[PDB]
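> any chance you can model this:
(chains A, B, C, D, E, F, G and H, ligands or ions: 3)
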Amino acid sequence: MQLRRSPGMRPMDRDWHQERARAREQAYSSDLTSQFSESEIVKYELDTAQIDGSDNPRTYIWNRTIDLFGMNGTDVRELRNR
Amino acid sequence: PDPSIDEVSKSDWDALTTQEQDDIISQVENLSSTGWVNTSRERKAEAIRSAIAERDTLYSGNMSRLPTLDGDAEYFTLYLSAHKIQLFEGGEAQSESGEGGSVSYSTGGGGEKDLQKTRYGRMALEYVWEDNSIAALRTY
Amino acid sequence: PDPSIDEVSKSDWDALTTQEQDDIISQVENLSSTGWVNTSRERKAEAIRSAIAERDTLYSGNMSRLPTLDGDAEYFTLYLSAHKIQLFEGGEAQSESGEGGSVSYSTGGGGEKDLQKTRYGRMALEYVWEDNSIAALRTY
Amino acid sequence: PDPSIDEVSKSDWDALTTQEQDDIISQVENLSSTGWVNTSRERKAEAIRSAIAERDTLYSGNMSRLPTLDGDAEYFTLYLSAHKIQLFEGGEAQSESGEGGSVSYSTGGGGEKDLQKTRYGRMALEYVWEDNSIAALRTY
Amino acid sequence: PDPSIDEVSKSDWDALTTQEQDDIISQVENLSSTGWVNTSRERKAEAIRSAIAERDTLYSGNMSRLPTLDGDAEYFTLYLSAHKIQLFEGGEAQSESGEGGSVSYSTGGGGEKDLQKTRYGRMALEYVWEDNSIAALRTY
Amino acid sequence: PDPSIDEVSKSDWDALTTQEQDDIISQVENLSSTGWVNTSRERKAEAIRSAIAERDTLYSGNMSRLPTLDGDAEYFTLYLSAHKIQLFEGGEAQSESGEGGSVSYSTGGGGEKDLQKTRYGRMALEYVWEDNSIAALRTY
Amino acid sequence: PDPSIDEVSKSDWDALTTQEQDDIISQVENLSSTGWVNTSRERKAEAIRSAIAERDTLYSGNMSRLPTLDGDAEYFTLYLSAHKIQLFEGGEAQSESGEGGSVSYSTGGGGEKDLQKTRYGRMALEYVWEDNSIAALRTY
Amino acid sequence: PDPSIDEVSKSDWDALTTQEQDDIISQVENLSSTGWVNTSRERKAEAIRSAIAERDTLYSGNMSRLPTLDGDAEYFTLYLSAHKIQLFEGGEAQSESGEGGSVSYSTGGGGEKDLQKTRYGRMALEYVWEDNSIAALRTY
Ligand SMILES: [K+]
Ligand SMILES: [Mg+2]
Ligand SMILES: [Mg+2]
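Numbers count the residues shown, from 1 in each chain, chains lettered A, B, ... in the order given. Ligands and ions are numbered 1, 2, ... in the order given. Below is the structure:
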């Protein structure tokens, strides 16, 4: 018998995909222990997701301390030279 | 000290040589101008062992992704040790009087929880978010 | 100690050799600078036996799925033992005086419930969610 | 003791040999560093007999199917006996003063109800839900 | 005692032999370490006769078909007797002082009503629902 | 001092020569008229090492993009060091008395958290927003 | 003084000759009838250097375009210096007594904040809007 | 005095002859029966110079086109001077005692703020709307 959490079943679970996408979008680094609970790491097999911060939108967004030109929130991967 | 008090677990403290323990004891004794010289070694060792145990069981883990021991773990474990030694001595002295000579200290009604009841405890308490509950979780 | 105070229940404590009990008594005696040396062995043994019993009956079981004894069970039982000995001695001295001078301790208040009423009880209380009621349960 | 204080009711206590009663008296006397040595046997016996009756009549039965005596029945009856002996001696000393020598204890406040008025009573009170009213019943 | 204090009403007490009364008086005297030895027999007899009368008239009948005397009637009547004797001696000593030393007791602000004003009364009061009013009744 | 107390972290302090440390110790000793002369060098060194550790771990980072240590970092660390030394000396004296007369100081006792409990701590507390929580952060 | 205390920043104070510093020290010493004559030159220098540093960091900048130091900057820095020297001496004396008489000063603090704790601090506090928050700012 | 204290600013005070300053000092000394004779000239000069500066910077300008210094500016500056001198002398005397007897004064724990702390300050405070905020302003 196979439960939803059983290791052979994880790839069929809509939540396993959705929360791995969520984790990729939400990380700043490959270092999982500093970012995710033991629960999240085990349940969503986060070792095997290519987590590194490269898919977090906030990696690419300007967040300047003094913003004269009203330019914070701009995302560099939307510039014409990209 | 060669191993530092933040680097050792309760099991490690039991595994240290007497000299490694005595270095850590000597460091804890720096936190009082009296050094608690009239309290014997076994009691100071018990206070430190208990502080290490209480750090690792009671002031450990995270509140949201933040560590519950926010300050320096060395000085936290030392202040927690000094709090224990001062309670083994009977508590804070609010007032002391001898051969006419008398002094009164500004200890006051500082609180009712354990750490609030000594100066070392009040110092230690600032390292651990003042025992506040900023923990948060979410469903997935 | 060879068997630790957290490894023995009340019936185990009764079954221990005198030396195994004396090792645990000696560990409890470290928690006071005075060692309560003017209080007899039987009274210290009764306090420890009572602390073991009271741990296993009042400070056991789950709240939600968390253990109600959150901290180190060894030091919890030792503080609960020291608390009992200090109550068998009459409570906390708030003030002491004689030929050798006077001292007043900052041990004022101490709430209304037994564990609040001595420094060892206040320490023990932190190991056990401060006697708070965080249990939750469901239908299915 | 061979018969334990939790195994005997009021009639059973009256049926015990003097030795079996003296073993239980000896156990109760462990709960004070003074042993209440200046109070006679008849008074210690009356306190125990009363504590047994008090347990069986006031601290028996159930709340929401839970037993009302939640803690260890042995130690509850012993603390309730000690509470009674201390009341037969006039209550808790808040302060004692002799030939110069003086002490004051952190035994103030608590509350107006009997068990709140001595340290033994404040301990006994934890074994019995702190005298709270968590009983519940359905109709059908 | 041969007839117990709960088995006798006011008229029965008057019909007892001096020996049967003296057994009950002796049982009441067990409730103080002093035995009230400086208070004469007539006064102890009056206190007991009054306690019996007062039990049968004020602490009798039912609330919601529960008996209003929920505890052991024997010990209730003895505590009620001890309360009366202590009031015939002027009330609880809060503080005592002389050539033998000084002691202050944790009697304190015990409450304003009759039974609250002595340790024996505060005990007796638990046998009688703490004087609470839980009676309930219906139209058919 | 050649290295200033704000220029050194905990590891740097350990790497300083005895003279570079003694310059900083000597500067901290300027903050008291008594200089804490009866407290030994190791205790003054421990207080400074501990103040440096707390500055870098408890009173660092940013708060709504403002610095948390808004005041001069030199004087903040010196006042935090003086706070520690005064607590190793047992606390603020509220009153002192002897053959040379009596003095009573306006401490007031209104402080209950760590830094509030001495004059050096109350000074240090102005440099760090008085422990207020003006942090603010945004989504994008 | 030749350069006035309001004309010098922390680095300028270090650059002054001993005579220019001693003139400023002499001006600060006018603010107490005792001149704090038992405090050494280094302590008075440290208090002034600290007051200059604290002025330039904590009591500088604008507040709804009003300068935060509204009063005379000379007398503000002098009162802040006198406040610091008085805190190096202990607190304010609430009372002084000895061989030659007794006095009590009504120096009860206005609250728990540092500047409230001495008469010089209470004066200095009027120069800086009483530490109020009248800042206001707009979007454009 | 020839130039009156209300006619001189801080730079004018510095420009006065010693006799013109001494005439003003003499006038301030009339506000106490003791004249503060045991406090030196340079302290009295510092108090007056500070009172002039503080008048011109803290007690100047308008509220709803009314002058903020509504009373006589001469006596305001003299009372402000006397307030300062009395604070350089340590504060109000609440109580004074010695060989010549004892006296206690109706100082009565006056409020938190600077001018409230002495009798001269309380007089000065009536000249400046009691430090109230009656300013009003319009758009056009
Ligand atoms: K989901
Ligand atoms: Mg019942
Ligand atoms: Mg202004």
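
> helices of the chain, residue ranges please.
Using chain A here. Counting by DSSP state H, chain A has helices at residues A:14-26, A:38-43.

> meant chain B, my bad for not saying
Using DSSP H, helices in chain B cover B:10-15, B:18-29, B:41-58, B:73-88, B:119-125.

> need those in TSV (columns: distance to chain H and mean neighbour count).
In short, each C-beta sits where N, CA and C put it, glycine included. Shown next, in TSV, are the helices of chain B (distance: least, Cβ to the nearest Cβ, whole Å; neighbours: other Cβ atoms under 10 Å in any protein chain shown):
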stretch	distance to chain H	mean neighbour count
helix B:10-15	50	14
helix B:18-29	40	18
helix B:41-58	41	21
helix B:73-88	34	26
helix B:119-125	26	25
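
> how about those in a markdown table, adding distance to chain A?
Shown next, in a markdown table, are the helices of chain B (distance: least, Cβ to the nearest Cβ, whole Å):
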| stretch | distance to chain A |
| --- | --- |
| helix B:10-15 | 22 |
| helix B:18-29 | 28 |
| helix B:41-58 | 17 |
| helix B:73-88 | 17 |
| helix B:119-125 | 25 |
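
> which residue is the nearest non-sequential neighbour of the residue nearest the centre of chain A?
Centroid-nearest residue in chain A: residue A:24, 1.9 Å away (criterion: Cα atoms, centre = their mean). The spatial neighbour of residue A:24 that comes closest, neighbours along the chain excluded (Cβ to Cβ, 6 or more residues apart in numbering or on different chains), is residue A:55 at 4.4 Å.

> burial of the one you found, as a residue count?
Using other Cβ atoms under 10 Å in any protein chain shown, residue A:55 has 16 other residues around it.

> that one against residue A:23, yeah?
No - using Cβ atoms under 8 Å, residue A:55 makes no contact with residue A:23, being 9.5 Å away.

> in contact with residue 46, which residues are there?
The chain I'm using is chain A. A:20, A:23, A:32, A:36, A:40 (Cβ atoms under 8 Å, 6 or more residues apart in numbering or on different chains).

> if you could check chain B rather than the one you did, that'd help
B:88, C:27, C:30-31.

> now do the phi/psi pair for the residue lying closest to residue A:51 once chain neighbours are set aside.
Leaving aside its chain neighbours, residue A:51 sits nearest to residue A:27 (4.8 Å; criterion: Cβ to Cβ, 6+ apart). Per-residue torsions, residue A:27: phi -80, psi 160 (degrees, to the nearest 10).

> quick check: closest non-adjacent residue to the residue nearest the centre of chain B.
Closest to where the C-alpha atoms of chain B average out (Cα atoms, centre = their mean) is residue B:80, at 0.8 Å. Counting by Cβ to Cβ, 6+ apart, residue B:80 lies nearest to residue B:51, which is 4.1 Å off, once chain neighbours are set aside.

> any idea how far the one you found lies from residue B:117?
Here the distance between residue B:51 and residue B:117 works out to 15 Å (Cβ to Cβ, to the nearest Å).

> check residue B:74 too.
For residue B:74, the distance to residue B:117 equals 23 Å [Cβ to Cβ].

> wait, residue B:10 touches residue B:54, no?
No - applying Cβ under 8 Å as the test, residue B:10 and residue B:54 come out as separate, 9.5 Å apart.

> anything in contact with each of those two?
residue C:72.

> list the contacts of residue B:5.
Neighbouring residues of residue B:5 by Cβ under 8 Å, 6+ apart: B:24, B:27, B:48, B:52, B:74, B:77-78, B:81.

> adding distance to residue H:122, write the residues you listed out as a markdown table.
Below are those laid out as a markdown table (distance: Cβ to Cβ, whole Å):
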| residue | distance to residue H:122 |
| --- | --- |
| B:24 | 58 |
| B:27 | 54 |
| B:48 | 57 |
| B:52 | 58 |
| B:74 | 53 |
| B:77 | 53 |
| B:78 | 50 |
| B:81 | 52 |
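
> near chain F, which of those show up?
For chain F, the contacts drawn from the contacts of residue B:5 by Cβ under 8 Å from any Cβ of the partner chain are B:27, B:74, B:78.

> the second one reaches residue F:52, doesn't it?
So the one you mean is residue B:74. No - Residue B:74 lies out of contact with residue F:52 (Cβ under 8 Å); the separation is 11.7 Å.

> quick check: closest non-adjacent residue to residue 35.
Since no chain was named, I'll use chain A. In space, residue A:35 is closest to residue A:27, 5.7 Å off (Cβ to Cβ, 6+ apart).

> that was the other one, I meant chain B.
Using Cβ to Cβ, 6+ apart and skipping the chain neighbours, the partner closest in space to residue B:35 is residue B:29 (4.3 Å).

> gap between the one you found and chain E?
Look at residue B:29 and chain E: by Cβ to the nearest Cβ, to the nearest Å, they are 38 Å apart.

> residues contacting that residue?
Here residue B:29 is in contact with B:35-36, B:44 (criterion: Cβ under 8 Å, 6+ apart).

> check residue B:107 too.
B:92, B:94, B:119, C:106, F:91.

> closest to chain G among the residues you listed?
residue F:91 (12.8 Å; Cβ to the nearest Cβ).

> and the closest one, how far from chain C?
Distance from residue F:91 to chain C, by Cβ to the nearest Cβ: 10 Å.

> in TSV: the contacts of residue A:46, plus neighbour count.
Below are the contacts of residue A:46 laid out as TSV (neighbours: other Cβ atoms under 10 Å in any protein chain shown):
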residue	neighbour count
A:20	18
A:23	21
A:32	17
A:36	18
A:40	16
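
> quick one: the residues you listed as a markdown table, columns for distance to chain H too.
Below are the contacts of residue A:46 laid out as a markdown table (distance: Cβ to the nearest Cβ, whole Å):
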| residue | distance to chain H |
| --- | --- |
| A:20 | 60 |
| A:23 | 55 |
| A:32 | 54 |
| A:36 | 51 |
| A:40 | 53 |
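
> so what's the residue count around whatever residue of chain A ends up closest to chain F?
Per Cβ to the nearest Cβ, residue A:73 is where chain A lies closest to chain F, at 4.5 Å. A count of neighbours around residue A:73, defined by other Cβ under 10 Å, yields 12.

> what sits closest to it if chain neighbours are left out?
Closest to residue A:73 by Cβ to Cβ, 6+ apart is residue F:140, at 4.5 Å.
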